[PDB]
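First, one chain by itself in structure tokens, the form deposited in one PDB entry.
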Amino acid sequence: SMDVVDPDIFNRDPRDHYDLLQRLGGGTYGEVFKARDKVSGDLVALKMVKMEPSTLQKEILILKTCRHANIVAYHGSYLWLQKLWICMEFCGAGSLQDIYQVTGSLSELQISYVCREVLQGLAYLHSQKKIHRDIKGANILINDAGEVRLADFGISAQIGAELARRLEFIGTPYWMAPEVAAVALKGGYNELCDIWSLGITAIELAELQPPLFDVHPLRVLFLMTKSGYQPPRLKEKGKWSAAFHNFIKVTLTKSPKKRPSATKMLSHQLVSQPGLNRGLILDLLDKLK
């Protein structure tokens, strides 16, 4: 009650409300488990993080204040015995990475529908002055109806925490050049970084991996910052339509001043075409079986 926006954190065992099912996956953030509501029988995903004896509260708040069909729903969190369990919408088919690893390259129409859906979620997030900063196949989830939901605001919360603390150390601003003020306040970039990530994700869904995937991370950073760096392209030309080649070209615009917003990208031919609906992903899921 003392918070402006209540994060809805229960100081109790999540097993009071849920039946813990299988571990779906894990990483540096912690683990994701499947769970079932003890009264309604509805499925949920629990993201469990091991605590040390505030940035997770920021992640919960980013999620809670989203109320959009293309962003995973929030159902409350449990803080118990040094563990935080964030309860969210369960997406029965997993991530697009989980799917394409069995299925192979998605079709152009299936990629188009996913991009339209991700752009809707992004336009909504950017309208709220939020940035995702971790768009990729593993964070775009698919439910049993073939519908698309964005997940994982972990990096978004880490950046929010970093920028809020940074204000404590910057000192007086009056003599700062505008590019120094941009780093101190915003980290030196804006929400258009998500549009680039979606373009890379479209290549990922078409080629099963992002460009340079087998190059070392620090070397990829080095390659991307060289003066003669050029945005990546789809390897096969003839397989894709000129609209998919162009969608990649404009989302992967090098200069952020010319890279279009999520709202603007929703007018692109590739994502505004009439045959885009969840039925395309239902076809993909049939192939999965």
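Start at 1 and count along the sequence shown; that's the residue number. What we label the rigid core is the largest C-alpha set whose atoms superpose within 1.5 Å from one form to the other.
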Should the higher mean CA B-factor in the entry be assigned to 209-217 or to 168-176? 209-217
Of 80-88 and 151-159, which one has the bigger average CA B-factor? 80-88
From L234, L63, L56, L46, which pick has the Cα B-factor that tops the rest in the entry? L234
Ranked by Cα temperature factor within the chain, is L20 in the lowest third, the middle third or the highest third? highest
Can you tell me which third, lowest, middle or highest, the CA B-factor of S40 falls into for its chain? highest
When the deposited Cα B-factors of this chain's modelled residues are ordered and cut into thirds, is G146 in the lowest, the middle or the highest one? middle
Grab the CA temperature factor for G94 from the record and place it in the lowest, middle or highest third of its chain. middle
Sorting the chain's modelled residues by C-alpha B-factor, tell me whether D194 ends up in the lowest, middle or highest third. lowest
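There is another form of this protein, the form deposited in another entry, and it is not shown here; the text below is about that form.
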Large Cα shift (2 Å or above) at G25 between the shown form and the other one, core-fitted: yes
Tell me whether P178 is among the residues that move between the shown form and the other one (Cα shift of 2 angstroms or more, core superposed). yes
